[PDB]
Protein chains: 2
Amino acid sequence: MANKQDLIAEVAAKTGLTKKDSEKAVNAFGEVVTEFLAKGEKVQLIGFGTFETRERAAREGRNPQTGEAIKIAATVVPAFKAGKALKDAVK
Amino acid sequence: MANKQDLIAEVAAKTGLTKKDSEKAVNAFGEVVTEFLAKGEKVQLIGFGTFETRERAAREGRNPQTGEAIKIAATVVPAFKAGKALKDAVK
């Protein structure tokens with residue numbers, strides 16, 4: 001499994017940027033996607049995919065230990081829709 | 001909707017890197033995630049989320065052209081699992 005440092009070293013190798021500049025850009029990528037989604041804005045990235053949000057419906061159930069009802073409210077959640085290039089690469 | 005150029009301008013603003021260097025890093029980010037995923041490896045990015053692949057199981061389906069029952073092969077698809085920080089930002 002790759003971590004952020006593994007991704008950073010490969011970003012540096014692919015671009016010619018230093019590992020420290022690559023790290024700044026990689027962190028900023030995640031931060032920018034986070035901010036657009038926090039503002040309720042979709043982020044479409046040609047050749048990769050689309051980051052967006054979706055409404056996860058309310059759920060109701062029971063605590064198996066107490067028998068008490070648990071109501072989980074409807075919530076906005078992040079979502080990613082892979083583009084063609086990314087789907088083709090993994091299939 | 002934000003596109004890749006909108007994201008690159010914000011990566012430049014956040015890091016102090018030129019838009020040209022931000023563009024190189026943003027494109028390399030997507031390429032590195034794609035390669036890891038093409039190798040069947042997961043990429044965990046702390047404070048953002050995890051890119052991975054998942055197997056969609058072989059099943060019985062219907063041929064839309066003939067109307068007849070068919071056997072649909074298992075397929076590997078990309079997937080993204082948002083971390084806590086990203087979920088908290090959008091809720």
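Below, chain A is the first sequence line, B the second, and so on; all start at residue 1.
A/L86 contributes atom CG, which lies 6.0 Å from atom CG of B/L37 (distance to the nearest 0.5 angstrom). How far NZ of A/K4 is from CZ of B/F48: 10.5 Å, rounded to the nearest 0.5 Å.
Only the side chain of B/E41 comes within less than 4.5 Å of a heavy atom of chain A; its backbone N, CA, C and O stay farther away. B/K14 touches chain A through its side chain: at least one heavy atom from C-beta onward sits under 4.5 Å away, while N, CA, C and O do not. Residue A/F29 touches chain B through both its backbone and its side chain, counting heavy-atom pairs closer than 4.5 Å. Contact of A/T53 with chain B is made through the side chain alone, with heavy-atom distances under 4.5 Å. Both the backbone and the side chain of A/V11 have a heavy atom closer than 4.5 Å to some heavy atom of chain B.
Of the residues considered (A/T15, A/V32, A/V76), A/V32 shows the highest number of contacts with chain B, using heavy-atom pairs under 4.5 Å.
Contact detail for B/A89 and A/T34: the closest heavy-atom pair is CB-CG2, 3.5 Å. Pairing each heavy atom of B/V43 with each of A/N3, the nearest pair is CG1-O, 4.4 Å.
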